[PDB]
Amino acid sequence: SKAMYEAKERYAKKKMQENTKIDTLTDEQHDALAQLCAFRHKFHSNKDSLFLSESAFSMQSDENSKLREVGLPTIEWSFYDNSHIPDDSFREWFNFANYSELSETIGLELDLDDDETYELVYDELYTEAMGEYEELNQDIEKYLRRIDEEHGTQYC
Amino acid sequence: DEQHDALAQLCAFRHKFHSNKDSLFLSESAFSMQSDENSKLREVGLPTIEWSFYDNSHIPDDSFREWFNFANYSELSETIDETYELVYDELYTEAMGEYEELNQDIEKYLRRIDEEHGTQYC
Amino acid sequence: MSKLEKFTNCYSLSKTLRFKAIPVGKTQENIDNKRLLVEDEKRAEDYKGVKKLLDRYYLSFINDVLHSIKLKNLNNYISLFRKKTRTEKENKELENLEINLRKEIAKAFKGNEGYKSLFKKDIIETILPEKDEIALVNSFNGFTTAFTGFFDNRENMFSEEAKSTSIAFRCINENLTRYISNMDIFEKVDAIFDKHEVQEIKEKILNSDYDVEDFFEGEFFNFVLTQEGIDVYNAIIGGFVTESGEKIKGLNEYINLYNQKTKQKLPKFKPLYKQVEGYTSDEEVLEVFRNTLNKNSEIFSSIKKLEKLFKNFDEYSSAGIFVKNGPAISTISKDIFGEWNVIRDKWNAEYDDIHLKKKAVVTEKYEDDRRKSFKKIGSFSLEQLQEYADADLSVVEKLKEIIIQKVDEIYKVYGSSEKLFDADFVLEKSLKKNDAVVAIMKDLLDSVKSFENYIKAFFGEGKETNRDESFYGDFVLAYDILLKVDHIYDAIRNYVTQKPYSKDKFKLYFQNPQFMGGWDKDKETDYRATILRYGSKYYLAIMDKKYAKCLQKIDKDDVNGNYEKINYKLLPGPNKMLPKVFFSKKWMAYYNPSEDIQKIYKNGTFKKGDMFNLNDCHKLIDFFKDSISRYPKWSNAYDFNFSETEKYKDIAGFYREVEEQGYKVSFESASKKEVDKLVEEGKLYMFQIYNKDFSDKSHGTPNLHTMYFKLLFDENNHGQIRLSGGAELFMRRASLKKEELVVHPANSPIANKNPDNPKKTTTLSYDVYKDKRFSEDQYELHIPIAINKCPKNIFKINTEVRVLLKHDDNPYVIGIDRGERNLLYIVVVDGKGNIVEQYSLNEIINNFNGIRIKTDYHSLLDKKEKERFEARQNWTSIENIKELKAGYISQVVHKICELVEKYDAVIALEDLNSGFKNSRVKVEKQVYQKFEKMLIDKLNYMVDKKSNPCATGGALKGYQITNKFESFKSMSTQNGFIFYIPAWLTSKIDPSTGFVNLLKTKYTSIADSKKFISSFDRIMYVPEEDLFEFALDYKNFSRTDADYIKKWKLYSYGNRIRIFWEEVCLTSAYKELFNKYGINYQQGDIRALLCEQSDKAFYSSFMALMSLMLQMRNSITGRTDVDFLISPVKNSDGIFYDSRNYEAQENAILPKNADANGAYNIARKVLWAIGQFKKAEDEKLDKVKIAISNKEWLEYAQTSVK
RNA sequence: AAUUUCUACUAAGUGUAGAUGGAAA
Ligand SMILES: [Mg+2]
Ligand SMILES: [Mg+2]
């Protein structure tokens, strides 16, 4: 967890150094692609702290804005509206289907003061958040694979 | 006269030189030119050797702290053992390439004195 | 208003601190009684084991359902591919069929007995139980979410995106394209079919199925899809043993028998892919190293196959053995040719005979295009190297004997290391203190690694024409095995270079998966963590989940024992929290809201996209305003004071307004005796945030991190450092024990090691143990902050520095250049060219209380490199040196930062990619890239600690003058206040006028030397100055299209260095050579006499004196005394520059010596870039080129002085 | 030779001067 840490980063670093000549298309689109790739490598690094309310973090329309300016094809995302990924509105929702599950066991009703049902909704919203963000992440990997096997570069 | 003595002495000198030329490259190997050979050759009365150089002071051995002017070294440092070897390699090959240019002069002297007087030395 | 009053509060950041945490009172024994360490020690260790169990079940799932799939479109893919093709978008139907086939196995998995409960919660619960592993998988009964970093990737194993690790891409586009390749190559084994060998044994002991032609006919691909089928297939290729000593033959051996008639020329059947290192102890690492490099190891057999391959190499064609272009190409070319530049030279001539005109002189742009066209090519053929070669050079012998020399060299180091792979081997000393054993291992590993690096270039990235596939097929089949040595090199190296101590830690969870995410009051009974101040000994509070409300019912105590207590109200993410709450079924049933408001949010016209309407979104703005006023938590706990409704041209502006304001930490008090009685009850846990500055002895300046953290709770904290969340906590273990630390005793005169201390020896009253911090354990704490969360002066920094520098009228410039004499040499230049301050950075001043004690790093470097020399250059010495350089390029940054503040400048910096510099500064090239990183890191947020925090340049209002680092190429040609500049012609240049030599005067022949000596204008001799004045134009020489003056009146005097190390006179040497050859040389020009002689040694000892007239750099390379830069051309005042003439002043007007000159020229190149910054419009400032060429640079450096 | 951590220290005596952005493969 130090040797492989340096190895996997210097391999990829050599590929980012090496692929600045392969494109040979209209422009310096390598800058936008490496900027996107490192953005991917932050996102997929700690997706989990996006679930926290106030973690050190801060989408799709901004990426498409910075991508149209250089002239690539866009990304064809899965959603643009983004406002339903649940993070720490644990005081600010109710409609979920698994109340049928939670009433199949004892649990309690829809009042989260019970210390048992709290984690039993926290688990589901955590998994729904991660399942939303990887559906996001697969769209970026699909964009990089399409732009990889169209122009013969290397990004993953 | 007894020029065979000087010739066999030269021939065994050749057979040490060409035996281990490589340890002449080391800094302090057990070793120890042209003006001395011509001095011992004029005394018996042969023709001299007609060497390739007499100045001798640029064969690089282990002044690896004491030089810089090589374009080839710059080319090696142009692209990132490793380098060290290129500097060591190039001076080793330049040393061997100097010493065989020396050695060919002695073999040329022996071939000239061979096919003038019909003896045998190589 | 100078050039740093703009650059503050420009963009965000996120540092994170790291303080220690000591528990107070009975908290530690309370933790040990309630047993809150064993749980998370298990919750760290058992995770890889439960990963092993879930990988067991997953592979059982694959091998389960793969026995139930028979692919139907397989024949329609195989025959339509091996059809000869001739596609016309039939390969597109092939790819459609391929993705549909992956979809078919994807659909098999989707319906494969549920599969919806394969990555949800119940997988740790229900299926995986049905030994003693029931508690192992049951150890996470209330804690599931840590598997979500696994349930995503093992889901992506079952995709169809043609990803690498996935099942579908493997089993359709690698296994099938190997299978049908073997199906076609089955046509070239039918001529050797002996049933006594291929059928009488294999079919009887392997399957008892249909015979060997069924595996090549394509309708048992559905049988070979499982890993059992791949096992049977690789059994028919390689040969099973069936636990008996037969060693039953295989198809590889049956095709290997065919070259008994010394002609194989038939490719073998490639084995099929199946479907799914040390670092602890000395005996283990020695055994695994024995396992991987003994005399029957797989890597060693790969070397044996490779040496026999290059023994029988001559049978392959020389038309396909492609040698890789690039770094190694020059080295490979040099060994056979005897000259490094011979291959480049032949390609040069081959290119210029086509693209060069019928002239011969070049331009520098044509040279750069020439170098680009040489780097355009991918690889070279061995046949083209035979084409380059003249007579008596057969590469098929030359490379063969080179590689057999290397293999015999590996055999000789085996003859050195043969005492190591013996069964009765002993370890007399651990590898930290032993030398002979570890250096033996080093020589072995580096020798095999060098062998790999030599073999490496025989790939050609191919992707080629008809390359010798019969050669590459076993070449890669040995090279995959030779590449495994890096798994041993990066095991042994990072085993030996690790510290004796160890920094392993596990996240502390305290019985809860939801732990310290935030610090919000009215969520603190959920997050269960708070922070208390008292005087200055800060505190961290942990409340147990049985008693999770032990801070709510506390009175404002009045018996004067108090802990102040945070409140920390933070509205998190207000652009997407406000619509999350104000439309969520309970606010919609507490406020009404209006119908048009609900519709205007549901259609969503507040966003951009031209549906954006001001007086339509302003009602939404008023609705947000009034509703936040009506909300009970956010009407009180903040002080929201917005603008008016017409004062928001964007809801992004309103979001920025509420994000700006919505953060406030105050302090409502509490008791002391009841809090400490409470932690005595054990319902609280209390840790003290601590480092080596919260002690009550710290009589100096703090760490910068403790300056930030003390500034997190100031009333100056508006400008603005917001304590964020995402905090963690950690726990270490005692790597060392207490006894075996080498301990300096008390009351003894203890030594020193910095030699420039006047107190050459000191003594202390107590002990100072070596590495006390790892004797016990310690609680590391992290507490991540977010500096400048709301940015105000937002602009493109790369343009704002330029539009600043143009309007500026005397802009200072720093340069920083590496040198042989000094690793870093600083030169500060005004807007004209006057050197303001030039000094070395080998000595480090530590300007504490009043006492400027310096310390050298240059002596430290050489004193450690002598240990490197005397210790056979092993890994510990290497990494010790690399860390010493890392500490040095840490401590440079304070000098560079303070210099930037003191002179209001822009740093120049040596670009690296252009290179073309010896760079003999005695430091590794990588260390300079790390200096780049640890300079742009720090100039992201420049702050000096001694300043006042409120004032600009302080810990609240730091300078941001860079961007963040992106990627190792994107650091080029501008970064804020750091400029990148190519380092061409910066060390060997006369600073007074700008003469540089460009004359290739390495002697070649009298045939060249006669023309070269006639090309000069007037070689004469002045008797009233005793100088051998030369004269030339430059235009009559090759490689000379860059200078501007081209009227260079050379001279001779000044000391010079001759190998003979010796000292010789430049003009006395000329006179003694010309009196050796008997000249009346006082009636110049004397070229007419010089073009008469015919002995070699005169010209050979003249070229070596021309070169010494031209050699400007002089290094005695054994002492630092005479490193003198002298220039054999004089300026208008008739005096030519000498370095020692300019060393002995206080502040010179020219560079002192060679490294300082190397800095000063870089500063001059940035000054030229500023001069072109002054000569454009503001609409091209983002496009004004900075890559100053050699021609432009020599022109500027000559015409600056006049 | 002490350190949240690293480097160089012993720097007025349990530390000094600079730097340091953490978890994750
Ligand atoms: Mg301090
Ligand atoms: Mg230390």
# chains A, B, ... in the order shown; residues from 1 in each chain; ligands from 1
>>> residues_near_ligand(ligand="ligand 2", cutoff="12 Å", atoms="only C-alpha atoms (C1' of nucleotides) and all ligand atoms", output="PyMOL selection string")
(chain C and resi 499+769-773+880+883-884+887) or (chain D and resi 1-3+5-10)
>>> interface_residues(of="chain D", to="chain A", cutoff="12 Å", atoms="only C-alpha atoms (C1' of nucleotides)", output="PDB file with N, CA, C and O atoms (P, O5', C5', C4', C3', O3' and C1' of nucleotides), in the first residue's frame")
ATOM      1  P     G D  21      -0.414  20.764   2.247  1.00  0.00           P
ATOM      2  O5'   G D  21      -1.881  20.242   2.470  1.00  0.00           O
ATOM      3  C5'   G D  21      -2.255  19.841   3.768  1.00  0.00           C
ATOM      4  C4'   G D  21      -2.858  18.473   3.788  1.00  0.00           C
ATOM      5  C3'   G D  21      -1.997  17.332   3.273  1.00  0.00           C
ATOM      6  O3'   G D  21      -2.253  16.205   4.087  1.00  0.00           O
ATOM      7  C1'   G D  21      -4.049  17.349   2.148  1.00  0.00           C
ATOM      8  P     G D  22      -1.073  15.182   4.434  1.00  0.00           P
ATOM      9  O5'   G D  22      -1.846  13.941   5.066  1.00  0.00           O
ATOM     10  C5'   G D  22      -2.804  13.194   4.294  1.00  0.00           C
ATOM     11  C4'   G D  22      -4.013  12.864   5.137  1.00  0.00           C
ATOM     12  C3'   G D  22      -4.738  11.576   4.766  1.00  0.00           C
ATOM     13  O3'   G D  22      -4.273  10.500   5.573  1.00  0.00           O
ATOM     14  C1'   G D  22      -6.262  13.381   4.710  1.00  0.00           C
ATOM     15  P     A D  23      -4.373   8.995   5.038  1.00  0.00           P
ATOM     16  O5'   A D  23      -5.932   8.685   5.124  1.00  0.00           O
ATOM     17  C5'   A D  23      -6.431   7.604   5.936  1.00  0.00           C
ATOM     18  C4'   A D  23      -7.804   7.177   5.468  1.00  0.00           C
ATOM     19  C3'   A D  23      -7.829   6.181   4.311  1.00  0.00           C
ATOM     20  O3'   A D  23      -7.868   4.843   4.795  1.00  0.00           O
ATOM     21  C1'   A D  23      -9.147   8.058   3.755  1.00  0.00           C
ATOM     22  P     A D  24      -7.171   3.669   3.962  1.00  0.00           P
ATOM     23  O5'   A D  24      -7.887   3.760   2.542  1.00  0.00           O
ATOM     24  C5'   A D  24      -9.183   3.168   2.329  1.00  0.00           C
ATOM     25  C4'   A D  24      -9.573   3.270   0.874  1.00  0.00           C
ATOM     26  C3'   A D  24      -8.609   2.619  -0.115  1.00  0.00           C
ATOM     27  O3'   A D  24      -8.959   1.256  -0.332  1.00  0.00           O
ATOM     28  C1'   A D  24      -9.057   4.840  -0.796  1.00  0.00           C
ATOM     29  P     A D  25      -8.312   0.111   0.577  1.00  0.00           P
ATOM     30  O5'   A D  25      -8.174  -1.115  -0.430  1.00  0.00           O
ATOM     31  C5'   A D  25      -7.196  -1.117  -1.465  1.00  0.00           C
ATOM     32  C4'   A D  25      -7.810  -0.874  -2.820  1.00  0.00           C
ATOM     33  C3'   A D  25      -7.015  -1.427  -3.998  1.00  0.00           C
ATOM     34  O3'   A D  25      -7.907  -1.840  -5.032  1.00  0.00           O
ATOM     35  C1'   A D  25      -7.197   0.923  -4.202  1.00  0.00           C
TER      36        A D  25
END
>>> interface_residues(of="chain C", to="chain B", cutoff="8 Å", atoms="only C-alpha atoms", output="mmCIF file with N, CA, C and O atoms, in the first residue's frame")
data_model
loop_
_atom_site.group_PDB
_atom_site.id
_atom_site.type_symbol
_atom_site.label_atom_id
_atom_site.label_comp_id
_atom_site.auth_asym_id
_atom_site.auth_seq_id
_atom_site.Cartn_x
_atom_site.Cartn_y
_atom_site.Cartn_z
ATOM 1 N N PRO C 327 14.081 5.975 -26.157
ATOM 2 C CA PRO C 327 15.240 6.136 -25.270
ATOM 3 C C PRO C 327 16.297 5.068 -25.460
ATOM 4 O O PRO C 327 17.487 5.376 -25.536
ATOM 5 N N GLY C 338 29.066 1.412 -32.343
ATOM 6 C CA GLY C 338 30.238 1.939 -31.615
ATOM 7 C C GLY C 338 30.096 3.435 -31.379
ATOM 8 O O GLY C 338 30.942 4.003 -30.660
ATOM 9 N N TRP C 340 26.931 6.465 -30.511
ATOM 10 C CA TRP C 340 25.522 6.722 -30.102
ATOM 11 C C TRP C 340 24.734 7.446 -31.202
ATOM 12 O O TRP C 340 23.571 7.065 -31.441
ATOM 13 N N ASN C 341 25.362 8.421 -31.867
ATOM 14 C CA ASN C 341 24.688 9.287 -32.875
ATOM 15 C C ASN C 341 24.705 8.686 -34.289
ATOM 16 O O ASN C 341 24.136 9.332 -35.191
ATOM 17 N N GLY C 915 14.640 20.599 -21.968
ATOM 18 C CA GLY C 915 15.893 19.971 -21.509
ATOM 19 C C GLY C 915 17.091 20.456 -22.303
ATOM 20 O O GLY C 915 17.277 21.683 -22.420
ATOM 21 N N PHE C 916 17.849 19.514 -22.872
ATOM 22 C CA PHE C 916 19.081 19.841 -23.634
ATOM 23 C C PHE C 916 20.093 20.514 -22.698
ATOM 24 O O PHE C 916 20.803 21.438 -23.141
ATOM 25 N N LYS C 917 20.117 20.083 -21.431
ATOM 26 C CA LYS C 917 21.072 20.631 -20.432
ATOM 27 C C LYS C 917 21.722 19.468 -19.677
ATOM 28 O O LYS C 917 21.015 18.481 -19.390
ATOM 29 N N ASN C 918 23.008 19.602 -19.340
ATOM 30 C CA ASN C 918 23.736 18.537 -18.598
ATOM 31 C C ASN C 918 23.050 18.344 -17.242
ATOM 32 O O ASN C 918 22.879 17.180 -16.825
ATOM 33 N N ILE C 1059 43.795 19.041 -19.368
ATOM 34 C CA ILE C 1059 43.915 17.717 -18.684
ATOM 35 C C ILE C 1059 45.397 17.368 -18.501
ATOM 36 O O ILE C 1059 45.745 16.897 -17.395
ATOM 37 N N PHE C 1060 46.202 17.602 -19.549
ATOM 38 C CA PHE C 1060 47.673 17.359 -19.606
ATOM 39 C C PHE C 1060 47.979 15.855 -19.629
ATOM 40 O O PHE C 1060 48.016 15.243 -18.543
ATOM 41 N N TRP C 1061 44.574 16.633 -13.930
ATOM 42 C CA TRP C 1061 44.205 18.072 -14.012
ATOM 43 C C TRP C 1061 45.479 18.924 -14.019
ATOM 44 O O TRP C 1061 46.387 18.638 -13.215
ATOM 45 N N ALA C 1097 49.234 15.405 -36.305
ATOM 46 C CA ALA C 1097 49.298 15.760 -34.895
ATOM 47 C C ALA C 1097 49.314 17.262 -34.678
ATOM 48 O O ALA C 1097 48.871 17.726 -33.624
ATOM 49 N N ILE C 1116 37.244 22.759 -12.028
ATOM 50 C CA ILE C 1116 38.367 21.954 -11.564
ATOM 51 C C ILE C 1116 37.904 20.642 -10.948
ATOM 52 O O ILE C 1116 38.738 19.770 -10.674
ATOM 53 N N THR C 1117 36.596 20.498 -10.698
ATOM 54 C CA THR C 1117 35.848 19.270 -10.341
ATOM 55 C C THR C 1117 36.437 18.478 -9.168
ATOM 56 O O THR C 1117 36.023 17.343 -8.910
ATOM 57 N N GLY C 1118 37.327 19.068 -8.382
ATOM 58 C CA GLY C 1118 37.805 18.404 -7.189
ATOM 59 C C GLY C 1118 37.737 19.335 -6.005
ATOM 60 O O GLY C 1118 37.833 18.908 -4.853
#
>>> residues_near_ligand(ligand="ligand 1", cutoff="12 Å", atoms="only C-alpha atoms (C1' of nucleotides) and all ligand atoms", output="list in words")
residues 691, 692, 693, 694, 695, 697, 698, 699, 700, 701, 702, 703, 704, 705, 706, 707, 846, 848, 849, 945 and 946 of chain C; 3, 11, 15, 16, 17, 18 and 19 of chain D
>>> interface_residues(of="chain C", to="chain D", cutoff="6 Å", atoms="only C-alpha atoms (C1' of nucleotides)", output="mmCIF file with N, CA and C atoms, in the first residue's frame")
data_model
loop_
_atom_site.group_PDB
_atom_site.id
_atom_site.type_symbol
_atom_site.label_atom_id
_atom_site.label_comp_id
_atom_site.auth_asym_id
_atom_site.auth_seq_id
_atom_site.Cartn_x
_atom_site.Cartn_y
_atom_site.Cartn_z
ATOM 1 N N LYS C 15 -7.392 22.118 2.535
ATOM 2 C CA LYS C 15 -6.340 21.457 3.270
ATOM 3 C C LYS C 15 -6.951 20.496 4.266
ATOM 4 N N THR C 16 -6.114 19.693 4.900
ATOM 5 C CA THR C 16 -6.565 19.032 6.109
ATOM 6 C C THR C 16 -5.448 18.860 7.108
ATOM 7 N N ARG C 18 -3.738 17.574 10.904
ATOM 8 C CA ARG C 18 -3.618 16.226 11.517
ATOM 9 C C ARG C 18 -3.033 16.367 12.921
ATOM 10 N N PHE C 19 -3.883 16.603 13.924
ATOM 11 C CA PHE C 19 -3.328 16.670 15.302
ATOM 12 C C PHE C 19 -3.419 15.339 16.024
ATOM 13 N N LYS C 20 -2.687 15.222 17.125
ATOM 14 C CA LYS C 20 -2.688 14.007 17.971
ATOM 15 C C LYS C 20 -3.823 14.114 18.986
ATOM 16 N N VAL C 768 16.349 12.003 26.191
ATOM 17 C CA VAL C 768 15.721 12.224 24.899
ATOM 18 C C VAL C 768 15.837 10.913 24.132
ATOM 19 N N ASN C 846 18.236 30.285 9.544
ATOM 20 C CA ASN C 846 17.074 29.997 10.379
ATOM 21 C C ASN C 846 16.817 31.200 11.275
ATOM 22 N N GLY C 887 13.591 17.042 1.943
ATOM 23 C CA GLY C 887 13.617 18.038 2.997
ATOM 24 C C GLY C 887 14.215 19.350 2.534
ATOM 25 N N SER C 890 11.767 21.154 0.576
ATOM 26 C CA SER C 890 10.819 21.779 1.475
ATOM 27 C C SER C 890 11.344 23.116 1.950
ATOM 28 N N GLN C 891 12.560 23.139 2.479
ATOM 29 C CA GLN C 891 13.006 24.362 3.130
ATOM 30 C C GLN C 891 13.425 25.462 2.168
#
>>> residues_around(residues="residue B:61", least_positions_apart="3", cutoff="8 Å", atoms="only C-alpha atoms (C1' of nucleotides)", output="list in words")
residues 24, 25, 26, 27, 64, 91, 92 and 95 of chain B
>>> write_last_selection(atoms="N, CA, C and O atoms", output="PDB file, in the first residue's frame")
ATOM      1  N   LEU B  24      44.942  -1.727 -18.539  1.00  0.00           N
ATOM      2  CA  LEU B  24      45.523  -0.398 -18.630  1.00  0.00           C
ATOM      3  C   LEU B  24      44.490   0.680 -18.376  1.00  0.00           C
ATOM      4  O   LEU B  24      44.850   1.810 -18.045  1.00  0.00           O
ATOM      5  N   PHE B  25      43.215   0.361 -18.545  1.00  0.00           N
ATOM      6  CA  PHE B  25      42.172   1.334 -18.301  1.00  0.00           C
ATOM      7  C   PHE B  25      41.975   1.591 -16.825  1.00  0.00           C
ATOM      8  O   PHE B  25      41.524   2.675 -16.454  1.00  0.00           O
ATOM      9  N   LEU B  26      42.283   0.624 -15.972  1.00  0.00           N
ATOM     10  CA  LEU B  26      42.096   0.833 -14.548  1.00  0.00           C
ATOM     11  C   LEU B  26      43.090   1.855 -14.034  1.00  0.00           C
ATOM     12  O   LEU B  26      44.119   2.122 -14.650  1.00  0.00           O
ATOM     13  N   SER B  27      42.740   2.466 -12.911  1.00  0.00           N
ATOM     14  CA  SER B  27      43.532   3.577 -12.409  1.00  0.00           C
ATOM     15  C   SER B  27      44.895   3.118 -11.932  1.00  0.00           C
ATOM     16  O   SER B  27      45.914   3.725 -12.268  1.00  0.00           O
ATOM     17  N   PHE B  64      37.467  10.180 -13.868  1.00  0.00           N
ATOM     18  CA  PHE B  64      36.038  10.349 -13.923  1.00  0.00           C
ATOM     19  C   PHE B  64      35.607  11.454 -13.010  1.00  0.00           C
ATOM     20  O   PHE B  64      34.430  11.550 -12.679  1.00  0.00           O
ATOM     21  N   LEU B  91      33.986   5.887 -22.405  1.00  0.00           N
ATOM     22  CA  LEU B  91      35.410   6.062 -22.209  1.00  0.00           C
ATOM     23  C   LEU B  91      36.154   4.745 -22.242  1.00  0.00           C
ATOM     24  O   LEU B  91      37.314   4.716 -22.670  1.00  0.00           O
ATOM     25  N   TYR B  92      35.494   3.648 -21.888  1.00  0.00           N
ATOM     26  CA  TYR B  92      36.147   2.359 -22.018  1.00  0.00           C
ATOM     27  C   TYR B  92      36.377   2.012 -23.475  1.00  0.00           C
ATOM     28  O   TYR B  92      37.462   1.546 -23.848  1.00  0.00           O
ATOM     29  N   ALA B  95      39.148   4.076 -24.856  1.00  0.00           N
ATOM     30  CA  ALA B  95      40.462   3.622 -24.426  1.00  0.00           C
ATOM     31  C   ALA B  95      40.918   2.412 -25.224  1.00  0.00           C
ATOM     32  O   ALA B  95      42.062   2.364 -25.696  1.00  0.00           O
TER      33      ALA B  95
END
>>> select_by_dssp(residues="chain B", states="alpha helix (DSSP H)", output="ChimeraX atom specification")
/B:3-17,34-42,71-78,83-117
>>> write_last_selection(atoms="C-alpha atoms", output="compact mmCIF listing (two decimals), in the first residue's frame")
# COMPACT_ATOMS: atom_id res chain seq x y z
CA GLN B 3 68.63 -7.57 -33.58
CA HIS B 4 66.67 -10.76 -32.70
CA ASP B 5 67.07 -9.78 -29.05
CA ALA B 6 65.38 -6.44 -29.53
CA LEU B 7 62.72 -7.99 -31.73
CA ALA B 8 61.84 -10.77 -29.33
CA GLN B 9 61.83 -8.27 -26.50
CA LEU B 10 59.42 -6.14 -28.51
CA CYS B 11 57.36 -9.18 -29.40
CA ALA B 12 56.90 -10.24 -25.81
CA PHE B 13 56.08 -6.64 -24.96
CA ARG B 14 53.39 -6.89 -27.61
CA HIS B 15 52.24 -10.12 -26.10
CA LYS B 16 51.75 -8.49 -22.74
CA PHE B 17 50.11 -5.39 -24.16
CA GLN B 34 56.81 5.08 -27.58
CA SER B 35 59.89 7.18 -27.03
CA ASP B 36 61.29 4.46 -24.80
CA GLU B 37 60.72 1.82 -27.45
CA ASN B 38 62.33 4.00 -30.07
CA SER B 39 65.26 4.61 -27.76
CA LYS B 40 65.85 0.91 -27.25
CA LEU B 41 65.34 0.31 -30.97
CA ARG B 42 67.71 2.98 -32.28
CA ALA B 71 28.76 15.77 -27.26
CA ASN B 72 27.94 12.00 -27.00
CA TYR B 73 27.70 12.38 -23.18
CA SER B 74 25.30 15.35 -23.72
CA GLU B 75 23.19 13.15 -26.09
CA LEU B 76 23.12 10.41 -23.37
CA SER B 77 21.96 13.04 -20.81
CA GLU B 78 19.54 14.31 -23.53
CA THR B 83 23.56 7.00 -17.58
CA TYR B 84 26.70 6.36 -15.43
CA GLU B 85 27.17 3.33 -17.78
CA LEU B 86 27.06 5.50 -20.97
CA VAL B 87 29.92 7.72 -19.63
CA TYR B 88 31.84 4.62 -18.36
CA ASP B 89 31.03 2.71 -21.56
CA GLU B 90 32.13 5.44 -23.91
CA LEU B 91 35.41 6.06 -22.21
CA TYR B 92 36.15 2.36 -22.02
CA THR B 93 35.54 1.94 -25.71
CA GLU B 94 37.60 5.00 -26.48
CA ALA B 95 40.46 3.62 -24.43
CA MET B 96 40.39 0.25 -26.17
CA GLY B 97 40.09 1.99 -29.52
CA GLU B 98 43.14 4.01 -28.72
CA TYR B 99 45.21 1.06 -27.60
CA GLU B 100 44.53 -1.07 -30.62
CA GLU B 101 45.54 1.79 -32.87
CA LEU B 102 48.75 1.60 -30.86
CA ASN B 103 48.96 -2.16 -31.25
CA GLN B 104 48.46 -2.10 -35.01
CA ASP B 105 51.52 0.10 -35.31
CA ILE B 106 53.69 -2.56 -33.69
CA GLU B 107 52.18 -5.27 -35.87
CA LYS B 108 52.85 -3.10 -38.90
CA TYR B 109 56.45 -2.70 -37.84
CA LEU B 110 56.84 -6.41 -37.46
CA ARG B 111 55.21 -7.13 -40.82
CA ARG B 112 57.48 -4.65 -42.56
CA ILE B 113 60.56 -6.14 -40.91
CA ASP B 114 59.18 -9.58 -41.63
CA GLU B 115 58.66 -9.20 -45.36
CA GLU B 116 61.83 -7.26 -45.82
CA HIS B 117 64.18 -9.81 -44.28
>>> atom_distance(atom1="atom CA of residue C:1149", atom2="atom CA of residue C:823")
22.1 Å
>>> decode(residues="stretch 93-98 of chain A", atoms="N, CA and C atoms", output="tab-separated table (two decimals), in the first residue's frame")
chain	number	residue	atom	x	y	z
A	93	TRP	N	-38.08	14.03	4.29
A	93	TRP	CA	-38.61	13.11	3.25
A	93	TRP	C	-39.51	12.02	3.85
A	94	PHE	N	-40.33	11.34	3.01
A	94	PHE	CA	-41.13	10.10	3.25
A	94	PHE	C	-42.00	9.73	2.05
A	95	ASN	N	-41.85	8.49	1.56
A	95	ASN	CA	-42.60	7.89	0.41
A	95	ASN	C	-42.06	6.50	0.12
A	96	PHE	N	-40.88	6.16	0.66
A	96	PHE	CA	-40.18	4.89	0.34
A	96	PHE	C	-41.07	3.64	0.52
A	97	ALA	N	-40.81	2.66	-0.34
A	97	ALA	CA	-41.57	1.42	-0.40
A	97	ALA	C	-41.24	0.43	0.70
A	98	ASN	N	-40.04	0.48	1.26
A	98	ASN	CA	-39.61	-0.55	2.19
A	98	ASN	C	-40.15	-0.35	3.59
